[PDB]
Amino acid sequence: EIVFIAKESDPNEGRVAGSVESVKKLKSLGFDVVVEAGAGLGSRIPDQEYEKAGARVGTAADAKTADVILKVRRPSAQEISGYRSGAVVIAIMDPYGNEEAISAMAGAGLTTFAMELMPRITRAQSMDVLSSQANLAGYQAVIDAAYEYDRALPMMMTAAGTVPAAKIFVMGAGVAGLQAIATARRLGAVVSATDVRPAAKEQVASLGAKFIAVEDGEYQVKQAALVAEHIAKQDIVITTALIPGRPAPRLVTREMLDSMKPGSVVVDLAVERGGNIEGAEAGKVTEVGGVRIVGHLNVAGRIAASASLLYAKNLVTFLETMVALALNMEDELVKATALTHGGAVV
């Protein structure tokens, strides 16, 4: 059985479905492992490192002989033509409003699994793509901020005086938010955070950060006011509330932005879903009132090497649950992520 690892075609996609270890992992499972020419490039795995990992190098043509396509993003309209009927395609399918494409893939007689649909119970954490990528985006968000910021993050004492620690504020205390807070905290920032779940307070606090909340519809109104107040005083803001499937909540308005001093910087990790931040533009850094608005696409892909490292691990751990290959549509993981099969949308 042959696993094809595809080169991603999206100009914004530097990640890849296979790693060196992941590929060794695939070999152990008994697979013949093909890698499309140049697939690990954007992710800094040259094809010789794959060959050393057990895989042979191939091209788009071999994809039509694969029993499994491993991939990052949903096959585009011009790629699924290149797979065989009955082929298994595993990727971040982003199915949500993409039923035409889903139908397409059914039409091509493909069996597809959407990794975002992975059950997020603690027993399956090793296959959770949303988390693994979000963990990296949170880190990247602090790097990107510190980059767009015209001041240093740490406080610094020098002969010529002392430059103050930046005040960094993170909204949303999930995977991404935690990591952002931690990355901020090590760079020495004064770090505060907020989350709609008061259970997040415990975790935020344990990172040495300050949970921002009115302590007691009613609350919501007076919360909004504490935040608008806290925000004006901040140097950097990082929103992490990307809800999958859903529109991104507006957490920050032009009006709250407008309260911040010039030179402050904000990162919108939810820009591809509408944005947490009102003035955010997909794949752009815009400035407004001396405030930088950072809305990069595919943030985890900004450290593609690391992202691919983790993602490839997710893929193969999931795949193993299906192994030779014994495809079982009633299986619990399969039933949860299986998106099309046998020419049908399931």
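One-based numbering along the sequence shown.
Counting the deposited residues that fall between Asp216 and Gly217 and carry no coordinates gives a value of 10 or more. Missing deposited residues between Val323 and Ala324: 4 to 9, all without coordinates in the entry. Note on 155-163 vs 234-242: mean CA B-factor is higher in 155-163.
When the two stretches 257-265 and 217-225 are set side by side, the higher mean Cα temperature factor goes to 217-225.
Taking the PDB entry at face value, the top CA B factor among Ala180, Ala101, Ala146, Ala134 belongs to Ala101.
Among the modelled residues of its chain, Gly275 has a C-alpha B-factor that falls in the middle third according to the deposited record. When all modelled residues of the chain are sorted by CA temperature factor, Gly30 is found within the highest third. Looking at the C-alpha B-factors along this chain, the one for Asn12 belongs to the middle third. Remark: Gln140 belongs to the lowest third of its chain, ranked by C-alpha B-factor as recorded.
In this PDB entry, the Cα temperature factor of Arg292 sits in the middle third of its chain's modelled residues.
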